[PDB]
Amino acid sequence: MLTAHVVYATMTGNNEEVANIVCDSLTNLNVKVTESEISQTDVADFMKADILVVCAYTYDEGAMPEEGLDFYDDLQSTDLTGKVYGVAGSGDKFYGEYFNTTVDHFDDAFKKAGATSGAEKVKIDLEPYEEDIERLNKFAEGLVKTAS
């Protein structure tokens, strides 16, 4: 029944770890999941899933991943009405009001595209631990219930 595409942007693996946890939780909720890195993914292919997820870092005081700028821009130009989305990220709370700003940007981009938020965005500090894992499971549960 349900499909999902999880894209991640990463440099030291934390956000790929986050994407992996989300893919696992979705798979364990009987979702067929595609997972790919953002720079190797076209929005036209991404949008074919019922559930859309971006997991991406924040850099240089609030900067988006440079390899994800095209994907980000293409996302906002696409009609994603009927799609269920969620955004998550690992970042560093030391950057204060720049903590995981990329998560906020992608959540806004999905909003302009007309997609329906399936779960509250998840902002993780550095590596995901037990609490983060439980939060990413509720995240996945929210997407499935919203999409189904």
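Note that residue numbering follows the sequence shown and begins at 1.
Peer 1: Do the C-alpha atoms of 16-24 or of 127-135 have the higher average B factor in the entry?
Peer 2: Per the deposited B-factors, the answer is 127-135.
Peer 1: According to the deposited model, is the average Cα temperature factor higher in 27-35 or in 46-54?
Peer 2: Stretch with the greater average CA B-factor: 27-35.
Peer 1: For the chain shown, is the CA B-factor of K112 in the lowest, middle or highest third of its modelled residues?
Peer 2: Highest third, going by the recorded CA B-factors of the chain.
Peer 1: Comparing against every modelled residue in the chain, figure out the third that the C-alpha B-factor of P65 lands in (lowest, middle or highest).
Peer 2: It falls in the middle third of the chain.
Peer 1: Taking the entry's C-alpha B-factors for this chain, is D79 in the lowest, middle or highest third?
Peer 2: CA B-factor rank for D79: highest third.
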